[PDB]
Amino acid sequence: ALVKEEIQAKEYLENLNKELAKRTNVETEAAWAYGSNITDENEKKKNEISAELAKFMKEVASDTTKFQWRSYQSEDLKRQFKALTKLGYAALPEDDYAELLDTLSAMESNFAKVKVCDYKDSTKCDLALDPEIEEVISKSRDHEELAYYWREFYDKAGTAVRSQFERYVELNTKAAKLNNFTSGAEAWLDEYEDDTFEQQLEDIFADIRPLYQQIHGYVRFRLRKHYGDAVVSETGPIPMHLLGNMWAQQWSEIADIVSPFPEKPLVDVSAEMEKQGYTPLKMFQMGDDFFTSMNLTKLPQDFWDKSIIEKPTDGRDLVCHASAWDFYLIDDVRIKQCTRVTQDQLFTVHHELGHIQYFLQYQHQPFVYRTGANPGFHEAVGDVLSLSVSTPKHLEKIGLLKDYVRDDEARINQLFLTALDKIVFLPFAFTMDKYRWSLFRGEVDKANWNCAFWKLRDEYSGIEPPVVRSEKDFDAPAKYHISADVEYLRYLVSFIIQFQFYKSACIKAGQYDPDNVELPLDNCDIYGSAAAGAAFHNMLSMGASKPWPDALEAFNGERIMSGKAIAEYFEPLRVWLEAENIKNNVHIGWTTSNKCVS
Ligand SMILES: *[C@@H]1O[C@H](CO)[C@@H](O[C@@H]2O[C@H](CO)[C@@H](O[C@@H]3O[C@H](CO[C@H]4O[C@H](CO)[C@@H](O)[C@H](O)[C@@H]4O)[C@@H](O)[C@H](O[C@H]4O[C@H](CO[C@@H]5O[C@H](CO)[C@@H](O)[C@H](O)[C@@H]5O)[C@@H](O)[C@H](O)[C@@H]4O)[C@@H]3O)[C@H](O)[C@H]2NC(C)=O)[C@H](O)[C@H]1NC(C)=O
Ligand SMILES: *[C@@H]1O[C@H](CO)[C@@H](O)[C@H](O)[C@H]1NC(C)=O
Ligand SMILES: *[C@@H]1O[C@H](CO)[C@@H](O)[C@H](O)[C@H]1NC(C)=O
Ligand SMILES: [Zn+2]
C-alpha cells in the first residue's frame, strides 16, 4: 500500500540525493581540471567520468518506475522524483553519449584555442580573444583593423566547427526525443516550468523594442559623425565591428564616442583602478565585502585556495570565459576568471560571485534542489549587485570616481551608458536561443544555417557583419555559449528579472522612492543593506525546491516576470532620447542587410 511506500520513497530519495552529489563532485573535478588546463588527457578523463555518471543516471531513471510516485501525497517528494526522471543527454545510448561528449569537447577546445595574427605583423600569431583581440575590438577606432580581427576570429571560432556543430544538433535532438520532448528547444524551455514562457518573453520584448530602436538610431547617427557615411549608412544595419564588442552584444565600450553629453562626465573607472593599484585579488575581496555588507555569506577558504582569478602565465591552453563552479560538497565553490583590472571586469566579478552566493545559500538543500529557481534567477543575482556597483553613488564611496557632479546631463550620460549594456543586450540574447531553437526544431534547412543566423541578428538587433558572408561561413559558434552548449535564454530572463530584484531591494534598502527626486532608482546603492540581504536569503536559500514564482514571491511578494521594472529604470532616458532623436531628425529602423549571400 501507498502510505508505507511513500515512507520508503522518502528514504530512497535521501540516500540517492547524497550519492548523486558525491558522484557529481567527481565529474565536476574532472571538468574543472580540463577547463583550467586543456589537454587530450584531461579531455579523456572528463568525458570518461561523465560517461560513467550518465550510465548511473540511466539506472536511477529506471529505478524511479518502481515507485508509484505520481500517486504520493507529498508535493515535495513528487517534485524530487520528477527531477530524477529527467536524464537529458544521459538518455542517449552509451555510444551516442560518448560521441556527443567528444563533439562538445572538440567545439569548446577549438574556441578556447583560437589565436590570430597581429594586423601589423603577420609573424606574431599568438593573439588570443582574451585578452588581445578583445582589447583591440573594445579600444581601436580603426575600422579596417576592427574588420580584420572580426574576420580572423569568426573564421577560426565559427566556420572551423561547422561539421561538429551539425553532429551536435543531431545528437541534441535525439536526446530530447528520448526524453519525449519535441526538440532541444522544449528540453531547455522545461527549466522555466511554464508552458506560456515563450509567449511571455515575446510580450515583454515587444514592449521594450521601441526603446531599443531609439537607442539603435541614436548610436547609428553618432557613429556616422565619427566614421563618416562611407563606413556607416543612415538607413542600413549598423556594421557590428564598430560597436566595441566581438558579438555586438553590448556597446558600452564605445560610450565615449556616442554619449549624449560629451562635455559632461562619463563614468569609466578603469584608469583609477589601475592608478590605485587594484589587483584581481582586491576586486574579489571587494565583491566579498559587498555580499557580507548585506548580511549574506562570506566566501569560504576553499574559494580563495582553489579559484583561478588570473590568466596563467605558463603558456597552457584553458577556457578563459569567466565561470562559477559548485563542487556539491560543503563550501567547495570556485571561480575561474582571467581577471583584468577594468570597470567591466569589476562587474563580472560581482556577476560570478552571485553564482557563488547562490551555491552557498542552497547547499543544505537536497542535491536535486541545489540549482537556481530557474536558470535566469542564477544569472540575475550578481547583476543586481553590479547595478549598485555601477552607480556614481557607490563609485564615489569607494574612491573610484572623483569630482563628479550629478546634474541632469551627467544622469542622462549614465542612464545611456547603462542602456548600452542592458537594453542593447536584450535582442542579442533572444536571437542566440531563437537561432538554436530553430535548428533544434528542424525549421531551417542545412543549406541555410548561416544566413538564418545573420537574418535573426538583422531583424532583431539591426546589426550586420563588416564583410559579406555566405553559406561557406558558419558564424554562430564564434560565440562562446554556442560552441560550449550553454543555453542563452537564462541571460534574457536575467536582464528582465534583475530589474525586478533591484527595484525591490532598493525599496527595502530605503534607496528608492518614486516620489522623491533624491532617491532615483538609477542611483540606488544597496551596499550595506541587511534588509536587501534578507530578501536574497529568503529566495536563494530555496534553490529549486519550489517553482520559480514561489521563489520570486519569497523575495518581494510577486509571482510574475514583468518588464515594468526595467522600463521604470530607463523611463527618464526614454523621454529624453525620444525628444533628442526628433530634435536631430534621426532615422529609426533599417533596411534588410545584404551582408549574407545565399
Ligand atoms: C516516452 O514515450 C514512450 C511512448 O511513446 C514511452 O515508452 C513506453 O513506456 C511505457 C511505460 O513504461 C511502456 O509500457 C510497457 O509496455 C510493455 C509492453 O510493450 C511492448 O509491446 C509494445 C507493442 O504493443 C512495443 O512497442 C514495446 O516496445 C514493448 O516491447 C508492458 O508489458 C508493460 O506492462 C508492465 O508494466 C505496467 C506497469 O504499470 C504501471 O506501474 C504499476 C506497477 O505497480 C501499475 O500497477 C500501474 O497502474 C501502472 O500501470 C503493468 O501494468 C503491467 O502489468 C506490466 O508489469 C508496460 O505497459 C511502453 O512499452 C513504451 N512504449 C513505447 C516505447 O512505445 C517512454 O517511456 C516515454 N519516455 C519517458 C522518458 O517518459
Ligand atoms: C596540465 O595537464 C597535464 C595533463 O594532461 C599535466 O601533466 C600538466 O602538468 C598540467 N599543467 C598544469 C599547469 O597543471
Ligand atoms: C543577519 O542574518 C541573521 C540570520 O542569518 C539574522 O538573525 C540577523 O538579524 C541579521 N543581521 C542583521 C545585521 O540584520
Ligand atoms: Zn553567469
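- The deposited coordinates, according to the entry record, derive from X-ray crystallography at 1.900 Å resolution.

## Describing the site of ligand 1
Okay, step 1: The local shell around ligand 1 consists of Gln-68, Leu-178 and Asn-180.
Okay, step 2: Here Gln-68 contributes a side-chain N or O atom positioned 3.4 Å from an oxygen atom of ligand 1.
Okay, step 3: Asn-180 has a polar side-chain atom sitting 2.4 Å from an oxygen atom of ligand 1.
Okay, step 4: The protein chains hide 10% of the 1,200 Å² of surface that ligand 1 would expose on its own.

## Considerations on the UniProt feature "disulfide bond" in the protein
Okay, step 1: Regarding the annotated cystine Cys-117-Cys-125, the two sulfur atoms come within 2.2 Å of each other, below 2.5 Å, so the disulfide is formed in this entry.
Okay, step 2: Using a relative accessible area of 34% as the deciding quantity, one classes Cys-125 as partly exposed.
Okay, step 3: Formation of the UniProt-listed bridge between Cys-506 and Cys-524 is supported by an S-S distance of 2.0 Å, under 2.5 Å. Of this pair, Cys-506 sits in helix α21 (residues 489-508) while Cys-524 sits in the loop between α21 and α22 (530-540), placing them 18 residues apart in sequence.

## Re the pattern of salt bridges
Okay, step 1: Taken as a whole and assessed by the stated rule, the structure comprises 43 salt bridges.
Okay, step 2: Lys-446 serves as the salt-bridge partner of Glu-170, at 3.3 Å between the closest nitrogen and oxygen. Here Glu-170, found in helix α7 (residues 162-178), pairs with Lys-446, found in the loop between α18 (425-440) and α19 (449-461); they are 276 residues apart in sequence, far enough to count as distant.
Okay, step 3: A relative accessible area of 38% means that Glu-170 is categorised as partly exposed.
Okay, step 4: A salt bridge links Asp-229 to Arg-224, with the shortest nitrogen-to-oxygen separation between them at 2.7 Å.
Okay, step 5: A relative accessible area of 48% places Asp-229 in the partly exposed class.
Okay, step 6: Here the salt bridges share partners, and the residues they tie into one network are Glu-99, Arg-162, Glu-166, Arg-167, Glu-170 and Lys-446.

## Structural notes on the packing of aromatic side chains
Okay, step 1: Under the definition given, this model contains 54 aromatic pairs.
Okay, step 2: An angle of 75 degrees between the planes, with centres 5.1 Å apart, marks the rings of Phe-499 and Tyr-569 as edge-to-face. Note that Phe-499 is positioned in helix α21 and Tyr-569 in helix α24 (residues 564-583), a separation of 70 residues in sequence. With respect to burial, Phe-499 and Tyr-569 carry one shared label: buried.
Okay, step 3: Consider the rings of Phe-501 and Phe-555, whose centres lie 5.1 Å apart with planes at 50 degrees: the pair is tilted. Here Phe-501 is found in helix α21, whereas its partner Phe-555 is found in helix α23 (residues 548-556), with 54 residues between them in sequence.

## So, unusual backbone geometry
Okay, step 1: The amide bond that connects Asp-130 to the next residue, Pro-131, takes the cis arrangement and shows omega of 5 degrees.
Okay, step 2: Take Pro-131: it is sitting in helix α5 (residues 129-139).
Okay, step 3: Even without a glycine there, the phi angle at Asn-180 is positive, about 70 degrees.
Okay, step 4: One non-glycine residue with positive phi stands out, namely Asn-585, at about 55 degrees.
Okay, step 5: One can find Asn-585 in the loop between α24 and β6 (596-597).

## Points about the packing of helix α9 (residues 197-227) against α18
Okay, step 1: Running from amino to carboxyl end, α9 crosses α18 at an angle of 140 degrees, the nearest separation of the two axes being 10 Å. In terms of axis orientation, α9 runs oblique to α18. The crossing of α9 and α18 is left-handed. Contact with α9, carried on its side by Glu-198, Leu-201, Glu-202, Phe-205, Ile-208 and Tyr-212, involves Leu-426, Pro-427, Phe-430, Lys-434 and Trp-437 of α18 and no other residues of that element.
Okay, step 2: A class-by-class count of the residues in the contact of α9 with α18 yields eight nonpolar, no polar and three charged.

Cut-offs applied
- Residues numbered from 1 in each chain as written, not as in the entry; some residues may be left out.
- Chains lettered and ligands numbered in written order.
- Heavy atoms only, no water.
- Near = heavy atom within 4 Å.
- Polar contact = N/O pair within 3.5 Å; in protein donor to acceptor, adjacent residues only side chain to side chain.
- Areas by Shrake-Rupley, 256 points an atom, 1.4 Å probe, with all protein chains shown as cover.
- Disulfide = S-S within 2.5 Å.
- UniProt positions renumbered as here; feature names shortened; annotations may be inferred.
- Buried < 20%, exposed > 50% of the residue type's maximum accessible area, 1.4 Å probe, protein only.
- Helix = DSSP H or I, 4+ residues; strand = E, 2+ residues; numbered from the N terminus.
- Salt bridge = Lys/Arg side-chain N within 4 Å of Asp/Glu carboxyl O.
- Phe/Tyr/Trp six-rings, centres within 6.5 Å; stacked < 30°, edge-to-face > 60°.
- Axes fitted to C-alpha atoms, helices over the stretch in contact; angles between N-to-C directions.
- Parallel < 35°, antiparallel > 145°, perpendicular 65-115°, else oblique.
- Left-handed = near helix turned anticlockwise from the far one by under 90°.
- Contact = heavy atoms within 4.5 Å.
- Nonpolar A, V, L, I, M, F, W, Y, C, P; charged D, E, K, R; others polar.

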